[PDB]
**Q** 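Take this structure first; my questions come after.
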Amino acid sequence: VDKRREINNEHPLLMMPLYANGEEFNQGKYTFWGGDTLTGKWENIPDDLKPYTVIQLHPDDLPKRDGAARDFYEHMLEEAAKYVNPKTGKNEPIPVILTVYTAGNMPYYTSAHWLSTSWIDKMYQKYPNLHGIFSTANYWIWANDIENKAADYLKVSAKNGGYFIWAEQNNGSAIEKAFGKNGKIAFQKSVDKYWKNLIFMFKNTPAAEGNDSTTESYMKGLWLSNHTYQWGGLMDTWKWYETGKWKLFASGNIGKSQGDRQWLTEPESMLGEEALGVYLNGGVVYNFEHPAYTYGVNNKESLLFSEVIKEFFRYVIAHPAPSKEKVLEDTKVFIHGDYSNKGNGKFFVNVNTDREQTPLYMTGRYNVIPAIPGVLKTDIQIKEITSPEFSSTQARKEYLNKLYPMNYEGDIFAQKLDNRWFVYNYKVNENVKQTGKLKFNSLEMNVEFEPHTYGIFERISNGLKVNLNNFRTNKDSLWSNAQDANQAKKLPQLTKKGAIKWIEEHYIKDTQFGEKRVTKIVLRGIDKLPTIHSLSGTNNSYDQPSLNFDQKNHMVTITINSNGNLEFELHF
Ligand SMILES: CC(=O)N[C@@H]1[C@@H](O[C@@H]2O[C@@H](C)[C@@H](O)[C@@H](O)[C@@H]2O)[C@H](O[C@@H]2O[C@H](CO)[C@H](O)[C@H](O[C@H]3O[C@H](CO)[C@H](O)[C@H](O)[C@H]3NC(C)=O)[C@H]2O[C@@H]2O[C@@H](C)[C@@H](O)[C@@H](O)[C@@H]2O)[C@@H](CO)O[C@H]1O
């Protein structure tokens, strides 16, 4: 019964995936795609982050036959268990999560098919450093006994004080079915008993189907109604492939034709905009794909990891996400029903998202409206999804607008928590600047942001603390030689091996950094020229900010030219 680790707002969790190389396994070698090693990867994790990071082993393309995944996993669990801090000579077992269920555990899709619950129990009993087990990405192959197996995984985890972590997306009603929509109620009953050992996450890979907002809505509602211990999200740069995009801002769709160029192209900073929707809504668990771009290769951090993910995750440790109690206080509307019966992701389009195919929000006015599926009992206005208020886009806004007041101006995403305004430009692949006006009591702040830019503005006793991130390297080189979508589509494949090699040779080193680009901050109601203090950020990525003080108009324009992360205080 005693939990093997804490997972909550004060103890968030960053999953650190390591994918087995099946080809090398057949040759009797135990290696991961991308050249990370279990020991090397752990060692390279910053020490301040080690208490909040867990290695997630994934069986990837291990042989699809009995014994392959057990063999590889036992080998790795041994390595984790016997690790010695280099250093202090102490045996310090590396915490691990095993991926045990994926692709419906179909024998034609995954070696994970041949990991029995009996075997998992044995592993939990042998390895105290095994902290949880992971199911991921079954929406597209919703196997006959998936709910029965999920109940078994939750129970075996609870039996051992571990966590069952499930990353899933509401495609084909997956989240609704999980809890009993179609009559498979084993997991519903398991959760009644064992929800304290459950973590539920979204998995935003299938971006063409547009279920980001409804899945995240459920994740948050399930948490608030005690149907999961904590929640979070797996954010996946493959969304760029799923939606058929190519060169940044280029016109034309290439569909699903250049996978390995496409998962490299999502702007680095956009992952932080996605991760804000988790943080701002009380979520505390984070995971990413494709691992080579989002984390790195060869036991080294990629620039996406170092400049965006690591900074962001350090931020949510230093400033714990809002507690359940606080999210629950702030919630004005809680939806009960199946989004699959109301157009799915379309439910929120032109309410708080700008389109079907996006992982971002266009306003923070309602934050994320929480919901649970209609199969669950209840158990703040709790509203049936079939209410007249939800019948249309306009009904939704009118009803919501009475309970959630407008608290900023401008066509841009912004949400406030205590003394802090969180802002981002919500454009995905369109080069449009956005502006907003935010207030901290009597201090008025305007911002102008280009796409793929987020900021956190905190009112402090003597001024304003600013953290900015617009890190976005230039990916055009991947799309060289293609003057349009037709030509792009016909490029020679980068391939998986080729994309790992591109990261090694052109991203880890010889990086094509993006151009510096302008952010404006305008303060109004100001007496004196403010001064800048504690200025730091990504090495070689910013000019000294320029200020223009208009004394008569009690305003100052701050102009920033940068491409990276940045922080400073303004005193006034
Ligand atoms: C019909 C079909 O082939 N299935 C698609 C899924 O993935 C494939 O099938 C499973 C069984 C695996 O064999 C996987 O390797 C296949 O690609 C899709 O799931 C993810 O989809 C993206 C595309 O959006 C990728 O295929 C991704 O896998 C690739 O990247 C990961 C790292 O991010 C690994 O490097 C994989 O080896 C690589 N695959 C290939 C062929 O290069 C898929 O993610 C993987 O598989 C899923 C099921 C899950 O286990 C993840 O944790 C894992 O990373 C799905 C997308 O909606 O579409 C299916 O049609």
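No hydrogens, no waters, no symmetry mates; every other heavy atom, side chains included, goes into these values. Nothing fancy with the numbering, it's 1 onward along the sequence. One-based numbering, in listed order, for ligands and for the atoms of each.
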**Q** With sequence neighbours left out, what residues match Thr538 under side-chain contact (heavy atoms from CB on, under 4.5 Å)?
**A** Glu307, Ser541, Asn565
**Q** Please examine the side chains of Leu264 and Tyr507, heavy atoms only from C-beta on, and report whether any two atoms are closer than 4.5 Å.
**A**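 A side-chain contact under 4.5 Å is absent here.
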**Q** Around atom NZ of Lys3, are there more than 12 heavy atoms of other residues, nucleotides or ligands at under 6.0 Å?
**A** yes
**Q** Are the charged groups of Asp121 and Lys159 less than 4.0 angstrom apart, N to O?
**A**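 Looking at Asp121 and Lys159, the cut-off is met.
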**Q** Is the closest side-chain donor-acceptor distance between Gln487 and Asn481 under 3.5 Å?
**A**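 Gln487 vs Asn481: no donor-acceptor pair found between side chains.
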**Q** Would you mind writing out a table of all protein N or O atoms found under 3.5 Å from any N or O atom of ligand 1, naming both atoms and giving the distance to 0.1 Å?
**A**
unit_1   : atom_1 : unit_2 : atom_2 : d
ligand 1 : 24 (O) : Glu242 : OE2    : 2.5
ligand 1 : 30 (O) : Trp238 : NE1    : 3.2
ligand 1 : 33 (O) : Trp238 : NE1    : 3.0
ligand 1 : 33 (O) : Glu289 : OE1    : 2.6
ligand 1 : 35 (O) : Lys496 : NZ     : 3.3
ligand 1 : 37 (O) : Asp60  : OD1    : 2.6
ligand 1 : 37 (O) : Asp60  : OD2    : 3.4
ligand 1 : 37 (O) : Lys496 : NZ     : 3.0
ligand 1 : 50 (O) : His58  : NE2    : 3.1
ligand 1 : 50 (O) : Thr102 : OG1    : 2.6
ligand 1 : 52 (O) : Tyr19  : OH     : 3.2
ligand 1 : 52 (O) : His58  : NE2    : 2.8
ligand 1 : 54 (O) : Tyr19  : OH     : 2.8
ligand 1 : 54 (O) : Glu289 : OE1    : 2.6
ligand 1 : 57 (O) : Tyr139 : OH     : 2.7

**Q** Would you please indicate yes or no on a ring centroid separation below 6.0 angstrom for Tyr109 and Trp140?
**A**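 When the ring centroids of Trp140 and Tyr109 are compared, they turn out to be within the sub-6.0 Å range.
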